[PDB]
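[1] Any chance you could fold what I've pasted below:
(10 chains, ligands or ions: 221)
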Amino acid sequence: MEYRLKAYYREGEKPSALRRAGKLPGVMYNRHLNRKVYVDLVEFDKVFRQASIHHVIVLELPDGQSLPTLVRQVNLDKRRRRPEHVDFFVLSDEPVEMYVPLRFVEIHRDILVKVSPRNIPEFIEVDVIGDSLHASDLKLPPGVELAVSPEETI
Amino acid sequence: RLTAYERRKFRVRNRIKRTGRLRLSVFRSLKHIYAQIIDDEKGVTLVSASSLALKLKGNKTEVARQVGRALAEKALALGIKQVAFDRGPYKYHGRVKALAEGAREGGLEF
Amino acid sequence: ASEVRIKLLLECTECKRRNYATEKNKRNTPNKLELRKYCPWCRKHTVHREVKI
Amino acid sequence: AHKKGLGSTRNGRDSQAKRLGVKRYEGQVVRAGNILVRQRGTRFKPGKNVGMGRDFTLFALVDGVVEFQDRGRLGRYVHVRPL
Amino acid sequence: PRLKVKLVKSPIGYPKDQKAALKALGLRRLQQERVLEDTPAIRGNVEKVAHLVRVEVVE
Amino acid sequence: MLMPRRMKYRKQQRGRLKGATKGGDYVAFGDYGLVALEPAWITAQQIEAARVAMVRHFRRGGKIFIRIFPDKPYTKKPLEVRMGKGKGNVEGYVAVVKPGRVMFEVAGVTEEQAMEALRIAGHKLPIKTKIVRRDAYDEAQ
RNA sequence: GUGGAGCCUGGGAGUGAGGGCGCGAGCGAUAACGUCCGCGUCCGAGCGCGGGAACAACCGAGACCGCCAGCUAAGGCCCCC
RNA sequence: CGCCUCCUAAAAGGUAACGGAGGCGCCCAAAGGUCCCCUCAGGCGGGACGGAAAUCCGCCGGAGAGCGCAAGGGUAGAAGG
RNA sequence: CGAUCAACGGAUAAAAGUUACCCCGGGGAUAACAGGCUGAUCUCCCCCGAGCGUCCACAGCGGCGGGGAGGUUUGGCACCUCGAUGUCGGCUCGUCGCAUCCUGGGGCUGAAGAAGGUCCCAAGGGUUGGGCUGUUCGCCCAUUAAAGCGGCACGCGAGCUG
RNA sequence: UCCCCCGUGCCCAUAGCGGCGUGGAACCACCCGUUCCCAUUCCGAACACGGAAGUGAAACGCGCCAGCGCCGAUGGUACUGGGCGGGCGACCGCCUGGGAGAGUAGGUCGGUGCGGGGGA
Ligand SMILES: [Mg+2]
Ligand SMILES: [Mg+2]
Ligand SMILES: [Mg+2]
Ligand SMILES: [Mg+2]
Ligand SMILES: [Mg+2]
Ligand SMILES: [Mg+2]
Ligand SMILES: [Mg+2]
Ligand SMILES: [Mg+2]
Ligand SMILES: [Mg+2]
Ligand SMILES: [Mg+2]
Ligand SMILES: [Mg+2]
Ligand SMILES: [Mg+2]
Ligand SMILES: [Mg+2]
Ligand SMILES: [Mg+2]
Ligand SMILES: [Mg+2]
Ligand SMILES: [Mg+2]
Ligand SMILES: [Mg+2]
Ligand SMILES: [Mg+2]
Ligand SMILES: [Mg+2]
Ligand SMILES: [Mg+2]
Ligand SMILES: [Mg+2]
Ligand SMILES: [Mg+2]
Ligand SMILES: [Mg+2]
Ligand SMILES: [Mg+2]
Ligand SMILES: [Mg+2]
Ligand SMILES: [Mg+2]
Ligand SMILES: [Mg+2]
Ligand SMILES: [Mg+2]
Ligand SMILES: [Mg+2]
Ligand SMILES: [Mg+2]
Ligand SMILES: [Mg+2]
Ligand SMILES: [Mg+2]
Ligand SMILES: [Mg+2]
Ligand SMILES: [Mg+2]
Ligand SMILES: [Mg+2]
Ligand SMILES: [Mg+2]
Ligand SMILES: [Mg+2]
Ligand SMILES: [Mg+2]
Ligand SMILES: [Mg+2]
Ligand SMILES: [Mg+2]
Ligand SMILES: [Mg+2]
Ligand SMILES: [Mg+2]
Ligand SMILES: [Mg+2]
Ligand SMILES: [Mg+2]
Ligand SMILES: [Mg+2]
Ligand SMILES: [Mg+2]
Ligand SMILES: [Mg+2]
Ligand SMILES: [Mg+2]
Ligand SMILES: [Mg+2]
Ligand SMILES: [Mg+2]
Ligand SMILES: [Mg+2]
Ligand SMILES: [Mg+2]
Ligand SMILES: [Mg+2]
Ligand SMILES: [Mg+2]
Ligand SMILES: [Mg+2]
Ligand SMILES: [Mg+2]
Ligand SMILES: [Mg+2]
Ligand SMILES: [Mg+2]
Ligand SMILES: [Mg+2]
Ligand SMILES: [Mg+2]
Ligand SMILES: [Mg+2]
Ligand SMILES: [Mg+2]
Ligand SMILES: [Mg+2]
Ligand SMILES: [Mg+2]
Ligand SMILES: [Mg+2]
Ligand SMILES: [Mg+2]
Ligand SMILES: [Mg+2]
Ligand SMILES: [Mg+2]
Ligand SMILES: [Mg+2]
Ligand SMILES: [Mg+2]
Ligand SMILES: [Mg+2]
Ligand SMILES: [Mg+2]
Ligand SMILES: [Mg+2]
Ligand SMILES: [Mg+2]
Ligand SMILES: [Mg+2]
Ligand SMILES: [Mg+2]
Ligand SMILES: [Mg+2]
Ligand SMILES: [Mg+2]
Ligand SMILES: [Mg+2]
Ligand SMILES: [Mg+2]
Ligand SMILES: [Mg+2]
Ligand SMILES: [Mg+2]
Ligand SMILES: [Mg+2]
Ligand SMILES: [Mg+2]
Ligand SMILES: [Mg+2]
Ligand SMILES: [Mg+2]
Ligand SMILES: [Mg+2]
Ligand SMILES: [Mg+2]
Ligand SMILES: [Mg+2]
Ligand SMILES: [Mg+2]
Ligand SMILES: [Mg+2]
Ligand SMILES: [Mg+2]
Ligand SMILES: [Mg+2]
Ligand SMILES: [Mg+2]
Ligand SMILES: [Mg+2]
Ligand SMILES: [Mg+2]
Ligand SMILES: [Mg+2]
Ligand SMILES: [Mg+2]
Ligand SMILES: [Mg+2]
Ligand SMILES: [Mg+2]
Ligand SMILES: [Mg+2]
Ligand SMILES: [Mg+2]
Ligand SMILES: [Mg+2]
Ligand SMILES: [Mg+2]
Ligand SMILES: [Mg+2]
Ligand SMILES: [Mg+2]
Ligand SMILES: [Mg+2]
Ligand SMILES: [Mg+2]
Ligand SMILES: [Mg+2]
Ligand SMILES: [Mg+2]
Ligand SMILES: [Mg+2]
Ligand SMILES: [Mg+2]
Ligand SMILES: [Mg+2]
Ligand SMILES: [Mg+2]
Ligand SMILES: [Mg+2]
Ligand SMILES: [Mg+2]
Ligand SMILES: [Mg+2]
Ligand SMILES: [Mg+2]
Ligand SMILES: [Mg+2]
Ligand SMILES: [Mg+2]
Ligand SMILES: [Mg+2]
Ligand SMILES: [Mg+2]
Ligand SMILES: [Mg+2]
Ligand SMILES: [Mg+2]
Ligand SMILES: [Mg+2]
Ligand SMILES: [Mg+2]
Ligand SMILES: [Mg+2]
Ligand SMILES: [Mg+2]
Ligand SMILES: [Mg+2]
Ligand SMILES: [Mg+2]
Ligand SMILES: [Mg+2]
Ligand SMILES: [Mg+2]
Ligand SMILES: [Mg+2]
Ligand SMILES: [Mg+2]
Ligand SMILES: [Mg+2]
Ligand SMILES: [Mg+2]
Ligand SMILES: [Mg+2]
Ligand SMILES: [Mg+2]
Ligand SMILES: [Mg+2]
Ligand SMILES: [Mg+2]
Ligand SMILES: [Mg+2]
Ligand SMILES: [Mg+2]
Ligand SMILES: [Mg+2]
Ligand SMILES: [Mg+2]
Ligand SMILES: [Mg+2]
Ligand SMILES: [Mg+2]
Ligand SMILES: [Mg+2]
Ligand SMILES: [Mg+2]
Ligand SMILES: [Mg+2]
Ligand SMILES: [Mg+2]
Ligand SMILES: [Mg+2]
Ligand SMILES: [Mg+2]
Ligand SMILES: [Mg+2]
Ligand SMILES: [Mg+2]
Ligand SMILES: [Mg+2]
Ligand SMILES: [Mg+2]
Ligand SMILES: [Mg+2]
Ligand SMILES: [Mg+2]
Ligand SMILES: [Mg+2]
Ligand SMILES: [Mg+2]
Ligand SMILES: [Mg+2]
Ligand SMILES: [Mg+2]
Ligand SMILES: [Mg+2]
Ligand SMILES: [Mg+2]
Ligand SMILES: [Mg+2]
Ligand SMILES: [Mg+2]
Ligand SMILES: [Mg+2]
Ligand SMILES: [Mg+2]
Ligand SMILES: [Mg+2]
Ligand SMILES: [Mg+2]
Ligand SMILES: [Mg+2]
Ligand SMILES: [Mg+2]
Ligand SMILES: [Mg+2]
Ligand SMILES: [Mg+2]
Ligand SMILES: [Mg+2]
Ligand SMILES: [Mg+2]
Ligand SMILES: [Mg+2]
Ligand SMILES: [Mg+2]
Ligand SMILES: [Mg+2]
Ligand SMILES: [Mg+2]
Ligand SMILES: [Mg+2]
Ligand SMILES: [Mg+2]
Ligand SMILES: [Mg+2]
Ligand SMILES: [Mg+2]
Ligand SMILES: [Mg+2]
Ligand SMILES: [Mg+2]
Ligand SMILES: [Mg+2]
Ligand SMILES: [Mg+2]
Ligand SMILES: [Mg+2]
Ligand SMILES: [Mg+2]
Ligand SMILES: [Mg+2]
Ligand SMILES: [Mg+2]
Ligand SMILES: [Mg+2]
Ligand SMILES: [Mg+2]
Ligand SMILES: [Mg+2]
Ligand SMILES: [Mg+2]
Ligand SMILES: [Mg+2]
Ligand SMILES: [Mg+2]
Ligand SMILES: [Mg+2]
Ligand SMILES: [Mg+2]
Ligand SMILES: [Mg+2]
Ligand SMILES: [Mg+2]
Ligand SMILES: [Mg+2]
Ligand SMILES: [Mg+2]
Ligand SMILES: [Mg+2]
Ligand SMILES: [Mg+2]
Ligand SMILES: [Mg+2]
Ligand SMILES: [Mg+2]
Ligand SMILES: [Mg+2]
Ligand SMILES: [Mg+2]
Ligand SMILES: [Mg+2]
Ligand SMILES: [Mg+2]
Ligand SMILES: [Mg+2]
Ligand SMILES: [Mg+2]
Ligand SMILES: [Mg+2]
Ligand SMILES: [Mg+2]
Ligand SMILES: [Mg+2]
Ligand SMILES: [Mg+2]
Ligand SMILES: [Mg+2]
Ligand SMILES: [Mg+2]
Ligand SMILES: [Zn+2]
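    Residues are numbered from 1 along each chain as shown, chains lettered A, B, ... in the order given. Ligands and ions are numbered 1, 2, ... in the order given. For reference, the structure is listed below:
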């Protein structure tokens, strides 16, 4: 955390023309906006492989705005195994739900958390086959709330 | 989840409304009895009566017959003669029956 | 119809004319059927009795 | 030329098609008695000026115009509006 | 405005509703040009056989 | 060998085989997977063969996930018969498999153990395949 | 929308062995110039014409007659051509 | 080999094969008419004999019960009792 | 009211077989031969490398699975032929393919030599006489460098046999 | 005209489950009785009648809460009418028009007609 990605607005360009032009059709939304965007495909690839829906990506739209977003959806073309659309969720102060990784001192790689965008952690640390514990017994740093039923096995 | 009360009230009301007549609907509380003749095609009550409006008291049955005559009296005024009786959740008996007997006595056709 | 479920006529008990055709299960209903039915000849309702078809 | 014996199928029966469905659509002019819907059970329900026969057949009671109405949990009704 | 319509490709082997469309427009022989009104109902038949035909807007 | 324990109906009409796989296109459990590039009816014997090959390479180690199941009854008439007289008897089961499907996944093993095991498995398969590794695209689904 | 359109009454039929192809299914073996239906097409009856080496049904195109005239369609433009 | 239900059947109807699965050749004197009333299955907790399951009580429960018998449709605002 | 007229639009009130002693009218609208299409089955060739091979995956092998070729098997289908395309085998007479039996040339070998194994190239020539059976095939005898496998309408009955 | 309640419709869960708060003057309910009408396969529980001491505990009405339920974009995709190609096939691709389902953001603890009682 965190990363930056150029992002440009689109209106009537065909997604097929953009995809053929090496770009990634996408959308930007929250409670207050909704914009059709596109990122450059290769640029997005090297950010998302690291940022991966857990970590914040700041979009640098040409109009000067640096809007902080979380990737909320990536539809893939099932034949080619290539992304074909991205949902960038514009983060603002209101509390959001997101997936936070889990690093252990192994079912769930991450966990769903209700948090404010200020308090977005990088880690949630775990402890010490076949044994296992549940999300009930978990760390919960400042600002974060277990966004499931603790009946989840980890 | 419906109670037997609501099932009964739908059961008799469904059958009445199929005939298309103006519906003389009767509601009976522990104290008062109320009547209103209803157009279900327009969703409009055409004429009403009740012990609460007429400020009557005494024998609930004897009062029930009175609102029947009172409802009929005002009904014939506006042209309403034919009508279908709506006992809703009530047995055709006692207070409801007396109100029914009253309305006929005043000239309503049912 | 069957051997136990037999066809039968209904005869007006007042003018003796058979007016209706129907069936019964004679094991379940051994007694002769008696039913009020409208008799076209007597132009009125009347007791009708089962007879052999 | 060897010819291998063959078994047989126990199936091969089907019943005549019954030609069910709606017979007059919304906006069509009909005459009292016109059949409106052939159906099994009350897929559609008789609305205003529509009768229902012993086999759930919906039919018009007055000359007029057919109208449909989807009452949600109350069911789909067919109406005939007087001309 | 009106539509000048030239039949430039044979209906042989195409479905009958497309052959009927050509008839509604009065196109009977190849290379035949017809100027019809630019109504939505004439336009619908022109678009139906658009792969058979060449359209130009006139006046 | 795999097959349904019970079934509503013994015989299915033959499939069509159009379109990319409906689901199961992202790695869900293991680290590496084996992806179908062409459609096919994969038989239970093919699956069981690709599976044993990956076991004898993992020498009983690692984890193996099989994410296709042969539920489609496969029918064949007895030899030399004429046509007709009803449908042939069920002789086996296939899993419909379309391009993009993750058929197998492995884990608990090194990257070199898994790539080779998945390569051997694909030789047991009547289609072309492709080995994939769990990406973030996978974990976002 | 005036078309070898449509509706009504009546006279005369012939047909009730189809076939190929495209698409959609079943049967077959995700076989057959295979079989069986559905929508469409063509041959059938266009074994008349151009293309496809030759070739009913693939592509082009619906031959009233004549011309030692012109433009195009599929397909072609090194020679046979 | 006639009849019914489902699929095949390509979201009107219809649609074939020695295609995939079942059923009918009865029954009911109420299991028919009408009026009035009532509402299931199952889960859990409680209760002598008493059990997985008899009958009883509480709570939850929109219909997964029931509607003589195949299947489908329908249905407690009843077609069920 | 009397129908398992159930072959259920129900020929009579009333009805089963056989024909290699067979006949006629028709059909290549429909089977048997051969061809054709197809290639499940058949023959042959590959991919994978689990195991065998004391050791050693690959000298020789190749679990489970995967991909093809050919068109000599059995078939599937029913497209020319039922106003006839003679149908097994043999004899005679050839001719062709090569996935080669021998002879010639090679590589590898778990090739000391000799002798083999396996694969590659190679169709010029060669590829015996008998016993049994109608036989094809096959088994047997005695040899051999070898005693190949298949196509030609299961090559060849206006050439013979029967 | 506005607020509350009662009755009766309409939309057919954005209207529900659950949690909580709240209301008795009026209205409604429970309630007090079971002589009378009428009623229980037993039971005044229900249905019904005669009442008015009490209580809003239950029910109902009105609010607040998004845990469940329910609704749900935009964008992209699948598919597809019509038009064209590709592959031995299994199957794939282009143009033009149409365009889901899932899911994401998000929304919702109802809205409204008619009559009656009350209130300002
Ligand atoms: Mg930058
Ligand atoms: Mg990339
Ligand atoms: Mg999420
Ligand atoms: Mg008084
Ligand atoms: Mg009263
Ligand atoms: Mg009422
Ligand atoms: Mg009877
Ligand atoms: Mg008479
Ligand atoms: Mg008798
Ligand atoms: Mg044969
Ligand atoms: Mg044969
Ligand atoms: Mg033979
Ligand atoms: Mg049978
Ligand atoms: Mg059939
Ligand atoms: Mg039929
Ligand atoms: Mg049929
Ligand atoms: Mg049917
Ligand atoms: Mg319909
Ligand atoms: Mg009736
Ligand atoms: Mg409307
Ligand atoms: Mg209406
Ligand atoms: Mg053309
Ligand atoms: Mg053409
Ligand atoms: Mg064309
Ligand atoms: Mg075409
Ligand atoms: Mg076309
Ligand atoms: Mg059309
Ligand atoms: Mg012309
Ligand atoms: Mg012209
Ligand atoms: Mg159209
Ligand atoms: Mg099929
Ligand atoms: Mg499917
Ligand atoms: Mg197979
Ligand atoms: Mg099969
Ligand atoms: Mg079969
Ligand atoms: Mg069959
Ligand atoms: Mg698949
Ligand atoms: Mg493979
Ligand atoms: Mg890799
Ligand atoms: Mg990837
Ligand atoms: Mg999913
Ligand atoms: Mg004509
Ligand atoms: Mg004509
Ligand atoms: Mg004509
Ligand atoms: Mg006509
Ligand atoms: Mg005529
Ligand atoms: Mg005529
Ligand atoms: Mg004549
Ligand atoms: Mg004829
Ligand atoms: Mg015929
Ligand atoms: Mg035809
Ligand atoms: Mg046909
Ligand atoms: Mg035919
Ligand atoms: Mg065909
Ligand atoms: Mg041909
Ligand atoms: Mg074809
Ligand atoms: Mg095509
Ligand atoms: Mg089918
Ligand atoms: Mg095969
Ligand atoms: Mg054919
Ligand atoms: Mg074919
Ligand atoms: Mg076919
Ligand atoms: Mg055809
Ligand atoms: Mg032609
Ligand atoms: Mg020709
Ligand atoms: Mg010719
Ligand atoms: Mg011809
Ligand atoms: Mg030609
Ligand atoms: Mg030519
Ligand atoms: Mg050629
Ligand atoms: Mg040709
Ligand atoms: Mg021609
Ligand atoms: Mg053609
Ligand atoms: Mg073309
Ligand atoms: Mg033409
Ligand atoms: Mg002409
Ligand atoms: Mg011409
Ligand atoms: Mg001409
Ligand atoms: Mg020129
Ligand atoms: Mg050109
Ligand atoms: Mg040239
Ligand atoms: Mg030449
Ligand atoms: Mg030449
Ligand atoms: Mg030249
Ligand atoms: Mg028949
Ligand atoms: Mg029958
Ligand atoms: Mg249909
Ligand atoms: Mg159907
Ligand atoms: Mg019809
Ligand atoms: Mg036919
Ligand atoms: Mg069956
Ligand atoms: Mg049977
Ligand atoms: Mg009786
Ligand atoms: Mg019954
Ligand atoms: Mg009764
Ligand atoms: Mg208990
Ligand atoms: Mg017990
Ligand atoms: Mg039962
Ligand atoms: Mg049964
Ligand atoms: Mg049910
Ligand atoms: Mg018989
Ligand atoms: Mg007979
Ligand atoms: Mg017959
Ligand atoms: Mg019939
Ligand atoms: Mg007879
Ligand atoms: Mg006789
Ligand atoms: Mg006989
Ligand atoms: Mg005998
Ligand atoms: Mg004889
Ligand atoms: Mg003899
Ligand atoms: Mg003979
Ligand atoms: Mg003899
Ligand atoms: Mg003789
Ligand atoms: Mg003789
Ligand atoms: Mg003789
Ligand atoms: Mg003779
Ligand atoms: Mg003869
Ligand atoms: Mg003779
Ligand atoms: Mg003869
Ligand atoms: Mg003859
Ligand atoms: Mg003939
Ligand atoms: Mg033939
Ligand atoms: Mg025939
Ligand atoms: Mg023929
Ligand atoms: Mg034959
Ligand atoms: Mg033959
Ligand atoms: Mg033959
Ligand atoms: Mg021959
Ligand atoms: Mg043959
Ligand atoms: Mg021949
Ligand atoms: Mg082949
Ligand atoms: Mg082959
Ligand atoms: Mg084979
Ligand atoms: Mg090979
Ligand atoms: Mg070893
Ligand atoms: Mg070694
Ligand atoms: Mg093998
Ligand atoms: Mg193969
Ligand atoms: Mg092959
Ligand atoms: Mg093979
Ligand atoms: Mg051949
Ligand atoms: Mg052969
Ligand atoms: Mg060939
Ligand atoms: Mg044989
Ligand atoms: Mg053959
Ligand atoms: Mg044929
Ligand atoms: Mg012949
Ligand atoms: Mg001759
Ligand atoms: Mg001849
Ligand atoms: Mg001859
Ligand atoms: Mg001859
Ligand atoms: Mg000799
Ligand atoms: Mg030879
Ligand atoms: Mg060679
Ligand atoms: Mg040699
Ligand atoms: Mg040598
Ligand atoms: Mg050697
Ligand atoms: Mg040695
Ligand atoms: Mg040596
Ligand atoms: Mg070699
Ligand atoms: Mg040689
Ligand atoms: Mg030789
Ligand atoms: Mg001898
Ligand atoms: Mg001999
Ligand atoms: Mg021999
Ligand atoms: Mg032998
Ligand atoms: Mg030797
Ligand atoms: Mg030697
Ligand atoms: Mg010899
Ligand atoms: Mg040979
Ligand atoms: Mg030979
Ligand atoms: Mg040959
Ligand atoms: Mg042969
Ligand atoms: Mg032979
Ligand atoms: Mg033979
Ligand atoms: Mg021969
Ligand atoms: Mg010969
Ligand atoms: Mg001879
Ligand atoms: Mg011979
Ligand atoms: Mg000869
Ligand atoms: Mg000869
Ligand atoms: Mg000859
Ligand atoms: Mg002889
Ligand atoms: Mg005012
Ligand atoms: Mg209310
Ligand atoms: Mg309201
Ligand atoms: Mg709560
Ligand atoms: Mg309170
Ligand atoms: Mg409350
Ligand atoms: Mg109070
Ligand atoms: Mg107080
Ligand atoms: Mg008493
Ligand atoms: Mg309360
Ligand atoms: Mg929610
Ligand atoms: Mg909805
Ligand atoms: Mg949605
Ligand atoms: Mg959309
Ligand atoms: Mg697609
Ligand atoms: Mg399209
Ligand atoms: Mg379609
Ligand atoms: Mg269309
Ligand atoms: Mg298309
Ligand atoms: Mg092609
Ligand atoms: Mg293939
Ligand atoms: Mg496409
Ligand atoms: Mg596509
Ligand atoms: Mg499109
Ligand atoms: Mg579009
Ligand atoms: Mg949606
Ligand atoms: Mg979105
Ligand atoms: Mg949300
Ligand atoms: Mg949400
Ligand atoms: Mg809210
Ligand atoms: Mg809510
Ligand atoms: Mg509110
Ligand atoms: Mg309301
Ligand atoms: Mg209203
Ligand atoms: Mg008001
Ligand atoms: Mg006031
Ligand atoms: Mg007011
Ligand atoms: Zn009489």
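[2] Every contact and neighbour count from this point should use C-alpha atoms.
    Will do.
[3] List the residues that contact the residue nearest the centre of chain D.
    Nearest residue to the geometric centre of chain D (Cα atoms, centre = their mean): residue D:38, 2.2 Å. Counting by Cα atoms under 8 Å, 6 or more residues apart in numbering or on different chains, residue D:38 touches D:19-23, D:56-58.
[4] Grab the nearest non-local neighbour of residue D:31.
    residue D:63 (4.1 Å; Cα to Cα, 6 or more residues apart in numbering or on different chains).
[5] close enough to count as contact, the one you found and residue D:28?
    No. Here residue D:63 lies out of contact with residue D:28, judged by Cα atoms under 8 Å, at a distance of 10.8 Å.
[6] In terms of neighbours, single out the busier of these two.
    Taking other Cα atoms under 10 Å in any protein chain shown, residue D:63 and residue D:28 do not tie; residue D:63 has more neighbours (17 against 11).
[7] Can you list phi and psi of the more buried one for me?
    phi -60, psi 140 (degrees, to the nearest 10).
[8] What count of nearby residues applies to residue A:111?
    18.
[9] brain fart, residue C:16
    By other Cα under 10 Å, neighbour count at residue C:16 equals 11.
[10] Check which helix or strand it maps to.
    With elements taken from DSSP states H and E, nothing contains residue C:16; it lies in neither a helix nor a strand.
[11] how about residue D:32, phi and psi?
    phi -50, psi 120.
[12] Quick check, it in contact with residue D:58.
    No. If you go by Cα under 8 Å, residue D:32 and residue D:58 don't touch, sitting 11.3 Å apart.
[13] More neighbours: these two, which one.
    Applying other Cα under 10 Å to residue D:32 and residue D:58 shows that residue D:58 carries more neighbours, namely 28 against 15.
[14] who touches whichever residue of chain C sits closest to ligand 29 in this structure?
    Per Cα to the ion, residue C:1 is where chain C lies closest to ligand 29, at 76.7 Å. Contacts for residue C:1 (Cα under 8 Å, 6+ apart) come out as C:7, C:23.
[15] Regarding it, what is its secondary structure?
    coil (DSSP: H, G, I helix; E, B strand; the rest coil).
[16] same deal with the one 5 residues further on?
    Local secondary structure at residue C:6 is given as strand here, using three-state DSSP.
[17] again with residue A:71
    Assignment for residue A:71 (three-state DSSP): strand.
[18] check contacts around residue C:31.
    With Cα under 8 Å, 6+ apart, residue C:31 has no contacts at all.
[19] Point me to the helix or strand that includes it.
    Judged by DSSP H and E, residue C:31 forms part of no helix or strand.
[20] State the distance from it to residue C:49.
    Separation of residue C:31 from residue C:49 (Cα to Cα, to the nearest Å): 10 Å.
[21] rewinding a little: Provide the partner residues of the residue nearest to the centre of chain D in its beta bridges.
    When assigned by DSSP bridges, residue D:38 has beta-bridge partners residue D:21.
[22] returning to what we had before: may I ask which of the contacts of residue D:38 has the most neighbours?
    residue D:58 (28 neighbours).
[23] Spatially nearest residue to that one (excluding sequence neighbours)?
    Closest to residue D:58 by Cα to Cα, 6+ apart is residue D:52, at 4.6 Å.
[24] Tell me the backbone dihedrals of the one you found, please.
    Torsion angles, degrees, to the nearest 10, at residue D:52: phi -140, psi 130.
[25] try residue B:11
    According to degrees, to the nearest 10, residue B:11 has phi -60, psi -50.
[26] what about it, distance to residue B:17?
    In terms of Cα to Cα, residue B:11 sits 10 Å off from residue B:17.
[27] do residue A:27 as well
    From residue A:27 to residue B:17 the distance is 54 Å (Cα to Cα).
[28] Now the element after the biggest helix by length in chain B, going C-ward?
    Across chain B, the helix with the greatest residue count (assigned by DSSP state H) is helix B:60-77. Later in the chain than helix B:60-77, the nearest helix or strand by DSSP H and E is strand B:84-86.
[29] all strands for chain E, in order.
    Using DSSP state E, the strands of chain E run over residues E:2-7, E:33-37, E:53-58.
[30] Serialize those to a markdown table and add fields for mean neighbour count.
    Shown next, in a markdown table, are the strands of chain E (neighbours: other Cα atoms under 10 Å in any protein chain shown):
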| stretch | mean neighbour count |
| --- | --- |
| strand E:2-7 | 18 |
| strand E:33-37 | 16 |
| strand E:53-58 | 14 |
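[31] Now do the phi/psi pair for the residue in chain F positioned nearest to ligand 5.
    Proximity to ligand 5, evaluated over chain F using Cα to the ion, is greatest for residue F:8 at 62.8 Å. The phi/psi pair for residue F:8 (degrees, to the nearest 10) reads phi -60, psi -50.
[32] Could you tell me how far the spatially closest residue to residue B:107 that is not a sequence neighbour is located from residue F:105?
    Among residues not flanking residue B:107 along the chain, residue B:72 sits closest, at 6.4 Å (Cα to Cα, 6+ apart). From residue B:72 over to residue F:105 the distance is 83 Å, taken as Cα to Cα.
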